[PDB]
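A lone chain, given as C-alpha cells: the form deposited in one PDB entry.
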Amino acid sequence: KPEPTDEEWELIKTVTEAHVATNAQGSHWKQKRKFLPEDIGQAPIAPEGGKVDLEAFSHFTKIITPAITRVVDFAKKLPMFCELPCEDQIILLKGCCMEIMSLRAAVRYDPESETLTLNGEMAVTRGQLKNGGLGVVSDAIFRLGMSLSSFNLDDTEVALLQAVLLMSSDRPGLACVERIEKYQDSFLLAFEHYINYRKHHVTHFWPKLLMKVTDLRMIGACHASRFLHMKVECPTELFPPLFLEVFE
C-alpha cells in the first residue's frame, strides 16, 4: 500500500502545523478542562418541544467566537486556500465552519465522563449541549465522538479531515469549482497514503472515515436549521458578532 510521497509530506506538514497552531487543545485539554456545572442545561423536566435553555446557551456563545475565529486562521494558513477568490474563501468558510468545529469537539469525546470538551476547555454532557441549543445535533456530535474513538486520529488526520471539509467544491455559489476539487483531491490522496503509513487496526478504515465526512455534512446542515430556532427563541444580546454572520 502506497505511503505519502515527499511532496505529500510537505502538504501534510503544512496542514498539520496549521491545525495544531489553531487547535486550542495544545495544552493537554484532558487535564486542563473544567466541567460545566450540572445545574446548567439539565433536563427541564413542554408543548411545542425542546425550548432552548437561554442560561445554557449563554455559556456556549461566550466561548464560540474564538472557535469560529480559529477555523478562519486554519484555512488562512493553507496556501491553496489563500489562492482562492475572496468570494469563494467566504463561501467555503461558512459552509465548513460548524463541520470543522463539530469534528474538533467530537475528537475530544471522553467515554469515562460522557462529555465533549469544547475549545479544549469546557466539558459538557449530551443533555447540556442539547438543551443549550443544538437539540438532536447534540446527539449527532456525541455519536460521531463515540464512533471516532476506535479510529485514534492524530493531529495530522484531524488536520487533513478538516482540509477535506474545507475544500468542498459543491458549496452553492462557488466560482472556482474545478480548482477547489483539485485541492480536495490532493488532500484526500495525501490522507489516504498517510493512513496506510500509520497502519490503524480497524477493518475498512478509509471507507469508514469517509462516511464520517458525510456525517459532518449532515451535522453542518442541521446546525443551520437549528440556528433558525435560536433566532426565534434567543434574544439578540446573546449572539456574538461572528456567530451571526456564519449563517448569513
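In this text, residue numbers run from 1 along the sequence as written.
Keep in mind that the form solved in complex with a partner chain is missing from the display, and what follows is about it.
Practice task
Examine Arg108 and determine whether its closest non-hydrogen atom to its partner chain in the deposited complex is within 4.5 angstroms.
Solution key: Output for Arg108 is no: heavy atoms all beyond 4.5 Å of its partner chain.
- Flag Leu93 as yes or no: does it have a non-hydrogen atom within 4.5 angstroms of any non-hydrogen atom of its partner chain in the deposited complex? Yes - in the deposited complex, heavy atoms of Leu93 and its partner chain come within 4.5 Å of each other.
Q: Evaluate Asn119 for contact with its partner chain in the deposited complex, applying a 4.5 angstroms cut-off between non-hydrogen atoms, and reply yes or no.
A: No, no contact at 4.5 Å.
Look up in the deposited complex whether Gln89 has a non-hydrogen atom within 4.5 angstroms of its partner chain, and give yes or no. Heavy-atom contact with its partner chain at 4.5 Å: present for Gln89.
Check for me: heavy atom within 4.5 Å of its partner chain in the deposited complex, for each of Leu36, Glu237 and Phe239, yes or no. The answer is no; none of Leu36, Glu237 and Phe239 reaches its partner chain.
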